[PDB]
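Read the structure below first, then the notes.
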Number of protein chains: 2
Amino acid sequence: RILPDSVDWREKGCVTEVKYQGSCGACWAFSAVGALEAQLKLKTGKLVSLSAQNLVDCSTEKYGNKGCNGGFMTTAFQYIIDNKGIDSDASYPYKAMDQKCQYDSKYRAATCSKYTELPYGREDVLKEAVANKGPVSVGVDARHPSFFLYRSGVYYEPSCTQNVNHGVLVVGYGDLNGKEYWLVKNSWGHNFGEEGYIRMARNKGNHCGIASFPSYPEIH
Amino acid sequence: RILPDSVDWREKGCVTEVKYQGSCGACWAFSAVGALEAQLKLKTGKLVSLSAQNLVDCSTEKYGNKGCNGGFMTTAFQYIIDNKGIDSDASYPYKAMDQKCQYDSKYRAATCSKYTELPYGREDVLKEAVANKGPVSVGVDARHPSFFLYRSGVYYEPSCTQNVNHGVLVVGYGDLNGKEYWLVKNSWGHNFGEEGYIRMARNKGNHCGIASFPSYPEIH
Ligand SMILES: *C(=N)CNC(=O)[C@H](CS(=O)(=O)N1CCN(c2ccccn2)CC1)NC(=O)Cc1cc(C)no1
Ligand SMILES: *C(=N)CNC(=O)[C@H](CS(=O)(=O)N1CCN(c2ccccn2)CC1)NC(=O)Cc1cc(C)no1
């Protein structure tokens, strides 16, 4: 298909409220559950926050993840596949700490059948996936002081690099006042940015590495 | 198909001489070129060493790579795709140091059309790719003295983890009197291990993370 000029998955009810990770480096877990939440809405018609804490506590060493000390969205997806489920956030709440794995199938709210990693740096392929599949988990370079101070508009930081450090969720794309953007859901609470979102420059040379390592899950 | 019990791509004429990276952390570049060397043989009938130095010098910041301070096989493949080529090793020989990008299309020896990332941690899927596609680029946990000290046989390190740090090339698989292994080409020269190779434990719980992050390229 010709792709739409703009997408916002919040308009189809596929995006949960913004979460607050606190001082725990669980962005990877928030990114992964956010991508799966959309697929769960598309499959079942029902929007349910999924347990980032379940990923922190249970998608650990075997998956190359370190809980509050960082991890991968892809290996989080593979945990959910291998585990045959993930609990709801309501059942397995977020504590911003490394804990023992408390997964229980009686609280399962989603499954995952597979995941797809997109080709490195390809903003056109990322656009196609956001339009045709759903929100996409990505990493960005969030190290620069400007990122923390973002309030509005389209974020463009000349000091940005493709050395990504922060897992976030692309929930859309568009153009604002002549600037193309990616709509990014962060996990630093509503105080960050525009109610927890940042519009990041799109088609500006893989700005901040946004299209470096994109992935999305699917449900059978 | 039912997969063969053992495979060795050296018998198929798809593996070049073992290289010596020296003090430059270019293992990712050697892994990537070795994977592509096999596909180039399968396509063209020619066995040619490809330029690891081209990747060190040219698949840099924009690809998330740091030359002699490490990088990704996947993003190296994407550089080859984006660049529409990689030079021969003969034309662009290995220096064991970071240099300005000297790529010249007049010395192009290969192209790449795509690469594939295998699902996390699946040794069965890795076996299928090695049997049916070609040598597979992987990362392993080489953070143990036993790896440096390896001489012969099937390598098993009880303290191994899935926190991989060394890029290598799976060029086959088999068993040593029933002890299953992956046949791995390293880039530590011909004095390392079994004349440049290490046989690493297979079907032992993703030992040393060998099946954590596998990828292979293809040519049009
Ligand atoms: C959040 N509070 C802390 N950040 C992380 O945990 C971070 C997430 S990420 O999205 O930046 N990211 C995962 C994708 N990843 C990658 C790199 C190369 C190939 C494939 N995938 C980049 C990092 N995770 C980490 O920083 C852990 C890590 C770093 C790297 C370089 N690999 O994994
Ligand atoms: C070689 N002499 C030095 N080591 C590296 O260059 C190393 C190679 S790796 O095999 O450990 N590896 C590349 C594969 N990579 C990955 C993760 C996810 C998807 C695809 N590929 C993991 C690392 N590279 C690094 O150490 C650089 C790096 C990247 C990441 C995320 N962590 O480390």
Side-chain angles (χ1 to χ4, degrees), chain A residues 19-32 35 52 55-56 59 63-78 96 117-118 120-121 136-143 162-170 184 186-188 208-210 212-215, chain B residues 19-32 52 55-56 59 63-78 96 115-121 136-143 147 161-170 184 186-188 208-210 212-215:
Chain A
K19 307 305 193 300
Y20 179 76
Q21 73 183 47
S23 293
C24 170
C27 62
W28 60 275
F30 286 106
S31 173
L55 293 178
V56 167
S59 179
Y63 294 89
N65 297 329
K66 305 182 188 178
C68 292
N69 286 294
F72 296 86
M73 295 85 76
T74 50
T75 75
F77 299 139
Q78 190 69 40
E117 184 75 22
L118 273 63
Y120 180 88
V136 176
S137 296
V138 298
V140 298
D141 177 2
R143 293 188 178 85
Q162 292 77 35
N163 307 107
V164 304
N165 73 329
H166 187 54
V168 294
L169 184 72
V170 177
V184 173
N186 198 8
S187 56
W188 294 350
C208 301
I210 193 155
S212 288
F213 302 113
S215 57
Chain B
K19 307 309 192 305
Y20 178 71
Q21 71 185 60
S23 64
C24 174
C27 61
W28 61 275
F30 286 105
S31 173
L55 294 180
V56 167
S59 180
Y63 293 90
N65 297 326
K66 299 180 190 181
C68 292
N69 289 120
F72 295 90
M73 298 80 77
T74 51
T75 76
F77 300 139
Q78 192 68 42
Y115 65 93
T116 299
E117 294 182 76
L118 271 66
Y120 180 89
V136 176
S137 291
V138 299
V140 300
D141 178 0
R143 313 155 182 291
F147 192 93
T161 72
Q162 289 77 37
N163 305 110
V164 307
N165 71 329
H166 187 57
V168 293
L169 186 70
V170 180
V184 173
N186 200 1
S187 54
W188 288 356
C208 300
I210 192 157
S212 289
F213 301 114
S215 59

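Every number for a ligand or one of its atoms is a count from 1 in the order of the listing. Reckoned from all heavy atoms, side chains included, excluding hydrogens, waters and symmetry mates. Below, chain A is the first sequence line, B the second, and so on; all start at residue 1.
Which of A:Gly209, A:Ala32, A:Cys27, A:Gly167 comes nearest to atom 3 (C) of ligand 1 through a heavy atom is settled by distance: it is A:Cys27. Closest heavy-atom approach to atom 6 (O) of ligand 2 among the candidates B:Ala142, B:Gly71, B:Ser187, B:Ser215: B:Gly71. One option in B:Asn165, B:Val140, A:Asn163 has a heavy atom closer to atom 26 (O) of ligand 2 than any other, and that option is B:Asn165.
Side chains of B:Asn65 and B:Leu55 form no contact here, defined as non-hydrogen atoms less than 4.5 Å apart. Put simply, the side chain of B:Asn186 reaches to within 4.5 Å of the side chain of B:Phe147, judged on heavy atoms.
Side-chain rings of B:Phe72 and A:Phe213 approach one another, their centers coming within less than 6.0 Å. Between A:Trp28 and A:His166, the gap from one ring centroid to the other reaches at least 6.0 Å.
Any N or O atom pair closer than 3.5 Å counts here, and A:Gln21 shares at least one such pair with ligand 1. Residue-to-ligand polar distances place B:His166 within reach of ligand 2: an N/O pair is separated by less than 3.5 Å. Residue A:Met73 has no N or O atom closer than 3.5 Å to an N or O atom of ligand 1.
Between the side chains of B:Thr74 and A:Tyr120, no donor-acceptor pair is found at a separation under 3.5 Å.
Taking a cut-off of under 4.0 Å to the non-hydrogen atoms of A:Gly70, the atoms of ligand 1 that pass are 6 (O). Residue A:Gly139 has at least one heavy-atom neighbour below 4.0 Å for each of these atoms of ligand 1: 10 (O). Which parts of ligand 1 touch B:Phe72 is read off a 4.0 Å heavy-atom cut-off, strictly below it: atoms 17 (C), 18 (C), 19 (C).
Nearest protein neighbour of atom 20 (C) of ligand 1, counting heavy atoms only, is A:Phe213 CD2, 3.6 Å. Distance from atom 22 (C) of ligand 1 to its nearest protein heavy atom, with residue and atom name: A:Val164 CG2, 3.7 Å.
Listed for the A:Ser31 side chain is a donor-acceptor partner under 3.5 Å among the backbone atoms of A:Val168. In terms of modelled atom types and a separation under 3.5 Å, the side chain of B:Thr75 and the main chain of B:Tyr63 share a donor-acceptor contact. Between the side chain of B:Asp141 and the backbone N or O of B:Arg143, at least one donor-acceptor pair lies under 3.5 Å.
By the definition of a contact as any protein heavy atom under 4.0 Å away, atom 30 (C) of ligand 1 is not in contact.
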